[PDB]
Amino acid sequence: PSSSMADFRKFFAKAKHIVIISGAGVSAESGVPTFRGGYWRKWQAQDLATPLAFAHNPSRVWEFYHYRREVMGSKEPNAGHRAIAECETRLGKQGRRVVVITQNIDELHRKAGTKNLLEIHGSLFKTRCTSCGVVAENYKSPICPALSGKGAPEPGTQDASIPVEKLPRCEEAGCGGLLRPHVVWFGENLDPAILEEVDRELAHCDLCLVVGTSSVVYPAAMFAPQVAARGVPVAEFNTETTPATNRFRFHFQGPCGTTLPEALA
């Protein structure tokens, strides 16, 4: 796998549908904690982003997401996020399409300007009622009163054990259902409406970029390998090589913050 930028820029100037797949690597450059290995108390994302964790300890899970929600307030998009958003505006005007498909739930791509955004794992700032299924944007801090001054990430912190009745409840008239985060947990499926948008993007894709992904979360991990198999060049921008890198035309190492501003110039 080549480490040559000049060869990349030659495909880049020509490409007309470009898909960018973005992973936790991009958010970690904003100082957003990706709990992917690092921990929230004695747990990582894999232990809490599960339907089982929510069934058995919904209080704990909400504490965790509450933490993550509040932490985002200070945080901002980085040079990698900006470069991708500028590129999409710039290329838009040349009749060229750019789409970002993100594994991230922090919405930093939105804040940066990105319009053609597919959030394959949902968002931190959307809830879903487990009684009626309405999906609602929710930016309220704290999301519910019983969570005010909870969600500390330091281990040893005792569980607030908020009864289920005082965790975020649906506000729809007549419902009262328990809300969950509208995030895709391990063991669950991605939204079918989202999967079709992606299927189409990956099929008619042009040049694929995979940025700050460790390439260990499926299905997102298969998306670029899909494209490469079709004879389409794929550039992997990551600080460190992955289990999929050897299937890609390019690997550029570095912080996506350092490499993308050039690559997408």
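What we label the rigid core is the largest C-alpha set whose atoms superpose within 1.5 Å from one form to the other. A residue's number is simply how far along the shown sequence it sits, counting from 1.
Participant: Rigid core superposed, root mean square over structures and residues, which stretch has C-alphas farther from this form in 8 other deposited structures of this protein, 215 to 223 or 60 to 68?
Facilitator: The more displaced stretch in 8 other deposited structures of this protein turns out to be 215 to 223.
Participant: Taking C-alpha RMS after core alignment, which stretch differs more from the shown form in 8 other deposited structures of this protein: 49 to 57, or 198 to 206?
Facilitator: Farther on average in 8 other deposited structures of this protein: 49 to 57.
Participant: I want to verify a possible break: how many residues of the deposited sequence sit between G37 and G38 without any coordinates (none, 1 to 3, 4 to 9, 10 or more)?
Facilitator: According to the record, 1 to 3 deposited residues lack coordinates from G37 to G38.
Participant: For the stretches 74 to 82 and 124 to 132, which has the higher mean C-alpha B-factor as given in the deposited record?
Facilitator: Mean C-alpha B-factor is greater for 74 to 82.
Participant: Tell me which stretch has the larger mean Cα B-factor in this entry, 243 to 251 or 18 to 26.
Facilitator: Higher of the two, by average CA B-factor, is 243 to 251.
Participant: Say you rank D159, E137, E188, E107 by Cα B-factor from the PDB entry; which sits at the top?
Facilitator: Answer, based on the entry's C-alpha B-factors: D159.
Participant: C-alpha B factor of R69, ranked within the chain: lowest, middle or highest third?
Facilitator: Tercile = lowest for this residue's CA B-factor.
Participant: Among the modelled residues of this chain, does the Cα B factor of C205 put it in the lowest, middle or highest third?
Facilitator: Answer is highest: the recorded C-alpha B-factor places it there.
Participant: Ranked by Cα temperature factor within the chain, is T89 in the lowest third, the middle third or the highest third?
Facilitator: Highest third.
Participant: In terms of the chain's CA B-factor thirds, is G95 lowest, middle or highest?
Facilitator: Its C-alpha B-factor, which the entry lists for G95, ranks in the highest third among residues of this chain.
Participant: Going by the recorded CA B-factors, say which third of the chain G31 sits in, lowest, middle or highest.
Facilitator: Middle third.
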